[PDB]
Structure formats: structure tokens, C-alpha cells
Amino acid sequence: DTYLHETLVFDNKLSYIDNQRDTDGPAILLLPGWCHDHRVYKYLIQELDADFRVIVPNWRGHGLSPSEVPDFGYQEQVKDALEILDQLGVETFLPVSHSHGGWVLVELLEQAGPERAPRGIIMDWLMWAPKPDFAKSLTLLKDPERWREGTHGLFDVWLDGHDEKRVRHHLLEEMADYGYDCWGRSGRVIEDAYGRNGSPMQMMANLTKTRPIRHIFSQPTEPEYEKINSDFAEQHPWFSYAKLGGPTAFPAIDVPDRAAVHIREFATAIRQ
């Protein structure tokens, strides 16, 4: 796409979207999850393109040409993300994560500090620790034998019974070139992130400087998930949530207009 660039980040060539929009801060930093790239954000980029600078970093061995790379985790994702922003001369940015991109976003808030990264939006990120099926998925992903079966179970959960053409295209075509090197790693990093931090919510409550964060999600759809968000929201003045009511675990693809309005509201609030 017309905004895709490549640059050496430390000892690694990384692709990134940068629309290089000459405009008032903050920059909007869209953070992919594991084993997909900027392609997940092509519709959200269209929504924001005119009014904001939009950067989408790809992770090591992520992008149009996936590749085996040495082991890394979310701490390196943060460093990779900041180096691209430093190279681009970006100061203030509003990070927005998809799913387990959320580990990068929260660590980026701690490392960048509340001046550089005053707020955050986490999209469709499992707020509780894995329930048995998701734990079984991560186990399958780490298995050199059963990793594809791992991704197949996840694709079933993410689509949640929906013939969602754009999301199916993302999973079965735009992720098709990712292999066991990425998927095994994702499974190790997510497993370890939960083990170490306990949960997304524990990690966010544990920031030195708490800041406005909104969780915008469509999945899971059960009332009991809406409750752990409502209970966390009552406990933490800085945490809010919106249920977007989209079909899939990919609101950036299937309700981009809705993702955009929340990102805009947080951007507008930083500009004041």
C-alpha cells in the first residue's frame, strides 16, 4: 500500500505504515497483534488518514514477506516501536492495540511515560486470564506438530459463527504466510505475559502513572465479560470500555467507523 516503508530498526529491517500527514499531534500508533501486519488496519487507516498522522509498525519477521527471526517478546516490540517513532521525529502519540498487541501498548505507556503517551485504546483484548479452550490453543500454537490446528481453533473463535467476508480474507489470506516461527512465539509470549503480569487488567493497574485507557471490544459476547469490564471500570477512574457490537474479534476490520470515533474522542481529549 502507498504508505508502506522499510527501515533498519537496530539490527532488523522492519516495515511500517506512515501516511506522513503534516498535522497537529498526537500521532495515532496502530499496534498489530502477533502473526499479522498493517493489513489488519487498512480500513481504520482510511477512517483516520485525512485528520491524523498514522504509523503502523510491523514486528520482527512480520509484514508482506514473513520471515524466521531470533526470539523476542513484547519488551522488544516496545523498543522497536519507539525507535521507529524516534527515527520519524514523533513526540506525542496515541497508541491503539489489537488483541495481544495490548502487551506492547501497556508496556509502551510505562516506558514512554504519560507526557509522550498520555492515553491508550486497547481493542478486543481478553481481560481475564485464559479459560481452558484459549489455554489449549496457546499449547497447540507452541507445538511444532499441531500449530496449524492451533490457528484453526482461534479462527473459529474470532469469526464466532460469522461469514464476515473482510475478516475471513484477513485470516485465510493476509495471515496465510505466517508459520510456526511466529505462531509458536505468539503462544510462548502470550502464555508468559499472563503468567508474569497475571492479566491485562493487573498490568494496567500496575502502571507507575495510571492514565485514561479505553477497552473497545465486540468479543467475547457473554454478559459475564461485560461485568469484569464494568467492575474494573468502577474500581479505576482512568479505565472505560465500549462494547462495539461487531460480529468478529476484529473490530478494526468489521466496525472501523466505530473504532475510529473512540480513537478520535481520545485524540481530541489529548489536543485539549
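All residue numbers are counted from 1 along the displayed sequence.
*Asks:* Look over 102 to 110 and 129 to 137 in the entry and identify the one with the greater average Cα temperature factor.
*Replies:* Here the higher of the two C-alpha B-factor means belongs to 129 to 137.
*Asks:* Per the record, averaged over C-alpha atoms, which has the higher B-factor: 88 to 96 or 152 to 160?
*Replies:* It is 88 to 96 that shows the higher mean C-alpha B-factor.
*Asks:* Highest Cα temperature factor in the entry, among the options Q219, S65, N58, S240: which one is it?
*Replies:* It is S65.
*Asks:* Sorting by Cα B-factor within the chain, modelled residues only, which third would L14 end up in: lowest, middle or highest?
*Replies:* It belongs to the highest third of the chain when residues are ordered by C-alpha B-factor.
*Asks:* Which third of the chain holds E115 when residues are ordered by C-alpha B factor: lowest, middle or highest?
*Replies:* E115: CA B-factor falls in the highest third of its chain.
*Asks:* Which third, lowest, middle or highest, does the C-alpha temperature factor of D124 belong to within its own chain?
*Replies:* Bottom third by C-alpha B-factor.
*Asks:* In terms of the CA temperature factor given in the entry, to which third of its chain does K227 belong: lowest, middle or highest?
*Replies:* Top third by C-alpha B-factor.
*Asks:* Sorting the chain's CA B-factors, does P247 end up in the lowest, middle or highest third?
*Replies:* According to the entry, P247 has a C-alpha B-factor in the chain's lowest third.
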